[PDB]
Amino acid sequence: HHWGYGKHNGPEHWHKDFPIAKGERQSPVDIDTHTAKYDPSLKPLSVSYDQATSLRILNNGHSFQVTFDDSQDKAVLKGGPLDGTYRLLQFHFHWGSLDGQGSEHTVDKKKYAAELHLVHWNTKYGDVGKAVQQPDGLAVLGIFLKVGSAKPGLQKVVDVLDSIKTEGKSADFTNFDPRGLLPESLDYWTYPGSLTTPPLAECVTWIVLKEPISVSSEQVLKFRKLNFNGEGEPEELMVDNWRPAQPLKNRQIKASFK
Ligand SMILES: O=C(CCCCCCC(=O)Nc1ccccc1)NO
Ligand SMILES: [Zn+2]
């Protein structure tokens, strides 16, 4: 039926409704650190998040997401491999049922406990619906989470998850500063790819940060208490909402660092 992450509707089934699932620039991929090419032409990333305005947090039945006001150039991503200004729209996570799985991208086959996606769209296309139809429409910053010490900047998110336990629930979520989610270093890998959920459009410049952030076991445990189901339905824990690595095909992964 409708897509999801289960045995009968999971990633291996998506191609029947979304044939681009077997396309030429699908995501995620395994990053082979010894075959990635250092590209000295790549610029440092410019992340300008000081004026970000968060609006709401919502359980969309596949993940939870925090949405931002993107009606002006308030929180923007520029530089790196990008040409032009990309506005922050939302962030969300992918995570596992166990600490040794949950990320979408992998690094030399290593899986992390979760992966944070900060989604931005290219302002030259005017709105995000137009941007997803363009090969350079979106830029997604991917950040790995490892289990270790707690991340204090994540705690405001963890503490509101009880309010959005089931599909379709939303809550006001103002004055959240996404700078608290970034690692110290902005070194990155980049490659052209796709959304990792339907409709799997091939519109994404991926920027995957090398340095993971550390979150505590108690913080990630709280993600695993969310539900895929809506209020009143059989309880199905929201875990393992990650797509497996896809073939690299004719693409090169570039590194900003040696
Ligand atoms: O695929 C990803 C990362 C990119 C997610 C892109 C979602 C875009 C969004 O929130 N709004 C939108 C979706 C479809 C069409 C237009 C806007 N993770 O699974
Ligand atoms: Zn994602």
# chains A, B, ... in the order shown; residues from 1 in each chain; ligands from 1
$ residues_around --residues "residue 50 in chain A" --least-positions-apart "6" --cutoff "10 Å" --atoms "only C-alpha atoms" --output "ChimeraX atom specification"
/A:74-76,177-179
$ write_last_selection --atoms "C-alpha atoms" --output "PDB file, in the first residue's frame"
ATOM      1  CA  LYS A  74      16.950  34.421   7.494  1.00  0.00           C
ATOM      2  CA  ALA A  75      18.868  31.146   7.810  1.00  0.00           C
ATOM      3  CA  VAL A  76      20.909  30.405   4.711  1.00  0.00           C
ATOM      4  CA  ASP A 177      18.643  27.637  17.525  1.00  0.00           C
ATOM      5  CA  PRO A 178      19.964  25.018  15.074  1.00  0.00           C
ATOM      6  CA  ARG A 179      23.546  26.173  15.661  1.00  0.00           C
TER       7      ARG A 179
END
$ residues_near_ligand --ligand "ligand 2" --cutoff "12 Å" --atoms "only C-alpha atoms and all ligand atoms" --output "ChimeraX atom specification"
/A:27-28,62-65,90-95,102-105,114-120,139-144,194-198,200,204,206,208,241-243
$ select_by_dssp --residues "range 11-246 of chain A" --states "strand (DSSP E)" --output "number ranges by chain"
A: 30-31, 37-38, 45-48, 54-59, 64-68, 76-79, 86-95, 106-107, 114-122, 138-147, 170-172, 188-193, 204-209, 213-215
$ closest_residue --among "A:230, A:212, A:100, A:244" --to "ligand 1" --atoms "only C-alpha atoms and all ligand atoms"
A:244
$ closest_residue --among "A:23, A:232, A:193, A:183" --to "ligand 1" --atoms "only C-alpha atoms and all ligand atoms"
A:193
$ residues_around --residues "residue 237 in chain A" --least-positions-apart "5" --cutoff "12 Å" --atoms "only C-alpha atoms" --output "ChimeraX atom specification"
/A:5-6,61-63,95-97,165-167,221-230
$ atom_distance --atom1 "atom 12 (C, counted along the ligand's line) of ligand 1" --atom2 "CA of residue 15 in chain A"
19.4 Å
$ atom_distance --atom1 "CA of residue 111 in chain A" --atom2 "CA of residue 184 in chain A"
20.7 Å
$ closest_residue --among "A:181, A:150, A:255, A:186" --to "residue 218 in chain A" --atoms "only C-alpha atoms"
A:150
$ select_by_dssp --residues "range 3-213 of chain A" --states "helix (DSSP H, G or I)" --output "PyMOL selection string"
chain A and resi 11-16+19-22+123-125+128-131+152-164+178-181
$ residues_around --residues "residue 148 in chain A" --least-positions-apart "5" --cutoff "6 Å" --atoms "only C-alpha atoms" --output "JSON, numbers by chain"
{"A": [214, 215, 216]}
$ closest_residue --among "A:146, A:110, A:249, A:87" --to "residue 211 in chain A" --atoms "only C-alpha atoms"
A:146
$ closest_residue --among "A:163, A:51, A:155, A:205" --to "ligand 1" --atoms "only C-alpha atoms and all ligand atoms"
A:205
$ atom_distance --atom1 "atom 12 (C, counted along the ligand's line) of ligand 1" --atom2 "CA of residue 132 in chain A"
7.3 Å
$ residues_around --residues "residue 248 in chain A" --least-positions-apart "5" --cutoff "10 Å" --atoms "only C-alpha atoms" --output "PyMOL selection string"
chain A and resi 24-31+191-193+253
$ residues_around --residues "residue 39 in chain A" --least-positions-apart "4" --cutoff "8 Å" --atoms "only C-alpha atoms" --output "list in words"
residues 254, 255, 256 and 257 of chain A
$ write_last_selection --atoms "N, CA and C atoms" --output "compact mmCIF listing (two decimals), in the first residue's frame"
# COMPACT_ATOMS: atom_id res chain seq x y z
N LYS A 254 33.53 14.05 -3.59
CA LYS A 254 34.62 14.99 -3.41
C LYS A 254 34.76 15.33 -1.93
N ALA A 255 35.98 15.56 -1.48
CA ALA A 255 36.25 15.92 -0.10
C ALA A 255 36.80 17.33 -0.04
N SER A 256 36.39 18.09 0.98
CA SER A 256 36.89 19.45 1.19
C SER A 256 38.21 19.46 1.94
N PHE A 257 38.71 18.29 2.32
CA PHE A 257 39.83 18.19 3.24
C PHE A 257 40.74 17.06 2.80
